[PDB]
Amino acid sequence: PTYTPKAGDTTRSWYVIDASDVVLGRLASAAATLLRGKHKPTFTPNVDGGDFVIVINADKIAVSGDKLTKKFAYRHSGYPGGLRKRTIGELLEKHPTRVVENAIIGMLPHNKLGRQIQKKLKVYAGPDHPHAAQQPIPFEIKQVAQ
Amino acid sequence: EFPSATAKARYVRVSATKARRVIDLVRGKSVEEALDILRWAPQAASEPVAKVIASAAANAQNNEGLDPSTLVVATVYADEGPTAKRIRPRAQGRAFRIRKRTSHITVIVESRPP
Amino acid sequence: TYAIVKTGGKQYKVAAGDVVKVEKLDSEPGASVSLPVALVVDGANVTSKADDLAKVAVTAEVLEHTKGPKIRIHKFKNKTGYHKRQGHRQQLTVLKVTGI
Amino acid sequence: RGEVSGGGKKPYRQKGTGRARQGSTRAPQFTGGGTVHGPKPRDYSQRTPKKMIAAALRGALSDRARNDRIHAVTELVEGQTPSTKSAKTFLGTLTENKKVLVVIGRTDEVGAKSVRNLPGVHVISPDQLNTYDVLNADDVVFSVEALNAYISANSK
Amino acid sequence: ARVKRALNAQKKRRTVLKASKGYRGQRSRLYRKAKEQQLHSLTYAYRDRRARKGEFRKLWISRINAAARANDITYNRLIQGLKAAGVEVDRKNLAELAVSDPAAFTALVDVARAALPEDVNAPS
Amino acid sequence: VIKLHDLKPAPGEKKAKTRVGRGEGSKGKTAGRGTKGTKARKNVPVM
Amino acid sequence: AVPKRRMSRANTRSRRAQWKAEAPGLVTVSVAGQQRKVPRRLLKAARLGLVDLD
RNA sequence: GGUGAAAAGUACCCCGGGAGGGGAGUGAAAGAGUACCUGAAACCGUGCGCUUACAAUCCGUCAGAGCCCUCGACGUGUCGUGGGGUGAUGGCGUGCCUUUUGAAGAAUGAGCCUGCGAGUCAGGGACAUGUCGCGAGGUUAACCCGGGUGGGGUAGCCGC
RNA sequence: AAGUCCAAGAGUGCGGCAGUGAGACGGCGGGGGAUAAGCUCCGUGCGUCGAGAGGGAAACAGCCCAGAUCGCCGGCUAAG
RNA sequence: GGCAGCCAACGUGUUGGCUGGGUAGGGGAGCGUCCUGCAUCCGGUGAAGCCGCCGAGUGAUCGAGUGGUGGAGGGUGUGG
């Protein structure tokens, strides 16, 4: 039978990704790939076999076009007329980590395992992060050419 | 297995659910503590339960020759018994069914070490 | 050393003494079957060329012929009255690989 | 549902009661109601052609004669007083099989009574000789008169 | 000949309830409601027996692609190269190698890259 | 010898009655009558 | 209104578990030499001999 | 409707006001206690194992960690051609019947279980096919004789 | 004239038994309508659903691919 | 790799080629029930029934395989 990850088989590493000047979609796609564990040959979709990702410089993320002012993050409170909307620029100004984190959880699966995966996304807006004690590995987003 | 005594009060005129409501207060407790709780429990279904438990303890002391102080209500449960069907007349001459429910209360007390 | 044997239309990674259930074979229990290989790996060397693989054959003893799990098909279409009950027990051969 | 007692009246209104439409408390679905397609007295006898009946009997007798299962006898016991012990002894000396069809004449009441009480021994008259009897019996014991009567009635 | 519908009737009921042992609520207790879930149960069993092959192939492809990226090659170019090299190892066993013996998978990656065309994008 | 337990009908002499209305496997539900209509509950006369 | 559907046994059980009796808190009292257990509210009555301790 | 073969239907102990029970006895059996053969399901408990209080579930199915038991092995506790319980998690997934162009349908019926509940029967009926018998013939109806199926019955019927 | 021809499981005739005789949508040709309708009425060796699962159209009988005899934890592809 | 329907070949049933979605419906072959002719076999050394266990069949279903309760009738073959 195909290999199934047993109890003591999921080893998680720590990757730190610098968000400065990186496209939001690229950063979020690669972060979601790492968080899911699509980069591990032991991948199993029913297991959280992914790696912790620490996004830094989340405030200096790069977007394109007018998305910084014409793309809205919406939230409904449930109360009638309770639709708040905040452009990506406003969201970067107020909660810089928000934009990037919302993108990454968007690209993650929407289920119990997805929300257990989210816990490994430690996004930070400053150039510094607190997890230096993890020896996070720098991770550049590279494309495997053909 | 600790020595044990049984006692089955059968066809008690109390709904099995109401007998259970008072059984849960005592299951697993010492016999003395169970009897005190049943004595001070408002639920009228407590008197049949207390009598079953006291009968179990009495059977333990006499028929089994066990020390009463070492007895605890090991397994006590109330099962449904035969239901009598009565008729309650209602408005527009419609007859509803009343259920006079009974219960079989079984108590099994064990002589556990101090 | 392990070989990815081809037997019964499927491929199985085996090593000396590994037991695999495969499709049925026309060999009595206790008989030996030589099965072609899709790839052998000896520790570090990997024989991938079909030319060098056609000369290596995995020998396996037939321990027995078994019947797989009982599949219970009940084809059903609603608002149709179409039920079709059916069963299956795939005939399989259990092989113990003697060596490569 | 028309033969079971009562059930003439429509049990309740057609509409308004919230219950299924019933036209009788004796309808088939009702407990205590009438059987829909239950049995009625039947005459299962079948008008089988005379030649078919006779050929079946001749075939059964032929099978017995081929297997040497047909015996003949001048008398069953001796005459006058029936004797089951004597008849059983004689049928034992004849045939060891269990089922025996004694084709005996109507007038041999002695032999009829004597052999009557043996367990596996049917007694039939030559004119009533039938397939079922011959086939059921392992052997067929004819009184000489019975055999002659059967042969005469058939060759005629 | 009045026949009671009891000996015969209970056989399928016991069968369906035995099969439904494990279902939640009525679907495990009532024969009628168990039968409704058993129809769907075997419809799903058939569907998922036939889709299990595809979903395991999907898992194998995911793992082979993971190992291919680790070995710095794309999955589709890896498959192209394996086909050109004549390596007839299926995706099941390729993923098995990816997980257990990454050196063997790196060997096969080298084989596939070697057998790839000098230019993959050239019309050829 | 031939016996009552050896007697059998001729090959193809007897045919199994068709039990109509017994489950969907055989002629089930409508019992070979199709959906609604006159012929679903009565036989239309020949004339 | 009327219940539109039979309540699942899980929901029935979960709501029915809430119909339970609270165990009375029993305090020791000395009456006639032997020790008895009575609610702290009836503690004064037991001391004054006003409680029928069977 | 059904205790048991027989009432042998619990002389006398204990808890309880009683009911009822526990002893002890009868009995082959009390897993037969006048609530009584067998004792199904629905339904209601209790005990144990797993599982669940961040979760959106036609309640399953397919993969499936973990945990709990079982059969072997080796005789280290780990592996197996294993088996069973539970099911974290992931994929897929729109009840049954009827009736419809089309229903998961917010169309109908069904609260649940058990039991019952629907193409049957008569007729030398009609047609068509199967199969036997006899065959240019084939059958006999009523009826008569047979404690039975069996033997007669040439009137008629269909062939011609 | 060939092809298909260990089959289309063809055509025709005569018999036993039917069910159907409420169709839907899509393409094309048209009528009625406003050259509206998911409208209505026709034609179409046109298709599909009806009575068709599987993949794709997100979900989505009728659209595209493709017609499920069963089992594989094999492979190549269709639409996408 | 298994099964089934048609067909062919030769045999004295093997192979091969095709074909096996399906509602109304048609045809074929079967499972199970209890009642019986006959024949056999099981049963107070424990029948049926019911509850399981271990399994079995291409289906309905099956266990003259087994354990618990049970207490008296059952199974099989072949026909009606």
Side-chain angles (χ1 to χ4, degrees), chain A residues 1-2 4-7 45-47 111-113 115, chain B residues 5-12 16 20 51 54-55 58-59 62-63 75 77-80 82, chain C residues 8-11 19 21 23-24 63 66 68 71 73 77-82 85-88 90-91 94, chain D residues 28-29 31 36-37 40 42 47 49 51-53 55 125 127-130 132-133 136 153, chain E residues 1 3-8 10-11 15 23-27 29-30 36-37 39-41 44-45 47-53 55-56 90 92, chain F residues 3-10 12-15 20-21 25 30-32 34-35, chain G residues 6:
Chain A
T2 297
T4 312
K6 301 278 179 173
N46 64 7
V47 163
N111 49 17
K112 318 172 199 170
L113 182 65
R115 290 195 326 281
Chain B
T6 55
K8 322 175 172 222
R10 304 232 308 167
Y11 310 94
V12 186
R20 291 187 191 105
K51 284 196 181 182
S55 183
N59 305 337
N62 188 359
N63 311 327
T75 61
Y77 50 80
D79 313 322
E80 302 216 69
Chain C
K10 288 163 277 290
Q11 308 188 5
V19 176
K21 297 194 180 190
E23 299 296 339
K24 190 170 63 56
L63 321 173
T66 59
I71 297 89
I73 304 103
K77 292 272 176 50
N78 75 359
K79 325 296 170 56
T80 300
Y82 169 62
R85 299 159 182 72
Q86 173 172 350
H88 191 68
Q90 186 64 32
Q91 311 191 274
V94 187
Chain D
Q29 63 267 12
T31 291
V36 181
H37 298 307
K40 293 287 181 179
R42 286 173 57 182
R47 290 167 52 255
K51 294 186 187 176
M52 301 195 68
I53 296 163
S125 58
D127 54 340
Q128 303 297 320
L129 195 50
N130 53 324
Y132 186 88
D133 282 355
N136 194 58
Chain E
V3 177
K4 283 185 179 181
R5 298 160 46 249
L7 292 179
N8 189 40
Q10 305 289 353
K11 296 172 176 181
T15 299
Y23 294 179
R24 208 180 199 279
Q26 288 184 353
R27 300 171 203 267
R29 295 176 171 79
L30 319 179
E36 297 176 359
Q37 191 56 66
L39 295 169
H40 294 288
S41 173
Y44 294 155
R47 184 195 73 199
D48 293 300
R49 275 195 306 280
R50 264 164 170 80
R52 175 202 310 159
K53 298 146 186 62
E55 188 170 359
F56 265 108
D90 63 8
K92 175 178 65 171
Chain F
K3 288 299 206 72
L4 291 163
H5 65 262
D6 285 320
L7 293 186
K8 311 179 185 187
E13 165 159 279
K14 298 295 186 68
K15 196 174 177 187
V20 176
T30 55
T35 188
Chain G
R6 187 170 187 169

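Worth knowing before you read on, the calculation uses all heavy atoms, side chains too, and leaves out hydrogens, waters and symmetry mates. Residue numbers begin at 1 in each chain, while the letters A, B, ... track the order of the sequences.
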Atom [atom1], compared across [N] and [M]: separation rounded to whole Å:
N      : M       : atom1 : result
I/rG16 : H/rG130 : P     : 14 Å
H/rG47 : H/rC62  : P     : 33 Å
H/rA32 : H/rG21  : P     : 16 Å
I/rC5  : I/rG11  : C1'   : 14 Å

Side-chain N,O ([X]) to OP1/OP2 ([N]) below 4.0 Å:
X       : N      : answer
E/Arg47 : H/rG93 : no
C/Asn78 : H/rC96 : yes
E/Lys92 : I/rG74 : yes

What distance separates E/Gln37 CD from E/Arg24 CZ, expressed to the nearest 0.5 Å? 13.0 Å

How long is the span from the CG atom in C/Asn78 to the OG1 atom in C/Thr80, to the nearest 0.5 Å? 6.0 Å

Would E/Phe56 count as stacked on I/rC73 if the rule is ring centres under 5.5 Å and plane angle under 30°? yes

Just by the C1'-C2'-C3'-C4' torsion, is H/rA30 north or south? south

Just read off the sign of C1'-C2'-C3'-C4' for I/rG45 and name the pucker, north if positive, south if negative. south

Grab the [atom1]-[atom2] distance between [X] and [N] for me, whole Å please.
X        : N       : atom1 : atom2 : result
E/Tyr44  : H/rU61  : OH    : P     : 10 Å
A/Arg115 : H/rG90  : CZ    : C1'   : 13 Å
D/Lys51  : H/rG135 : NZ    : P     : 6 Å
E/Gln10  : H/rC116 : CD    : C1'   : 14 Å

Donor/acceptor link under 3.5 angstrom from [X] side chain onto base of [N]:
X        : N       : result
C/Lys10  : I/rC72  : yes
E/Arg27  : H/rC59  : yes
D/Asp133 : H/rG150 : no
B/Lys51  : H/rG17  : yes

Is a side-chain N or O of E/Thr15 found less than 3.5 angstrom from the main chain of E/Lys11, in a donor-acceptor match? yes

Please check: side-chain N/O of C/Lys10 versus main-chain N/O of C/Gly8, any donor-acceptor pairing under 3.5 Å? yes

More 5' along RNA chain I: A/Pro1 or C/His88, using each one's nearest nucleotide? C/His88

Toward the 5' end of RNA chain I, by each residue's nearest nucleotide, F/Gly34 or C/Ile73: F/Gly34

Base orientation of J/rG5, chi within 90° of 0 counted as syn, else anti, reads anti

Can you see a Watson-Crick or G-U wobble pair between [N] and [M], using both distances under 3.5 Å as the test?
N       : M       : value
I/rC28  : I/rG43  : yes
H/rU98  : H/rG146 : no
J/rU66  : J/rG16  : no
H/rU46  : H/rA35  : no
J/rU69  : J/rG49  : yes
H/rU86  : H/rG66  : yes
H/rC134 : H/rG93  : no
H/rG72  : H/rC79  : yes
H/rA73  : H/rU78  : yes
J/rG55  : J/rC62  : yes

Side chain of D/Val36 only, heavy atoms from C-beta on: which candidate in J/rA39, H/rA118, H/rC116 is closest? H/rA118

Nearest to the side chain of B/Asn62, heavy atoms from C-beta on, is which of H/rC14, H/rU99, J/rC34? H/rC14

Which atoms of nucleotides 19-23 of chain J (N or O only) lie under 3.5 Å from a protein N or O atom, and what are those distances?
unit_1	atom_1	unit_2	atom_2	d
J/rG22	OP1	C/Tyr82	OH	3.0

Should we count NZ of F/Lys3 as having more than 12 external heavy atoms under 6.0 Å? yes

Residue E/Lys4 excluded, over 12 heavy atoms near NZ under 6.0 Å: no

What does J/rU76 pair with, Watson-Crick or G-U, if both distances are under 3.5 Å? J/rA39

Suppose we define a pair by two distances each less than 3.5 Å, Watson-Crick or G-U wobble; what does H/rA5 pair with here? none

Flag side-chain contact, heavy atom, 4.5 Å: C/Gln90 against C/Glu23: yes

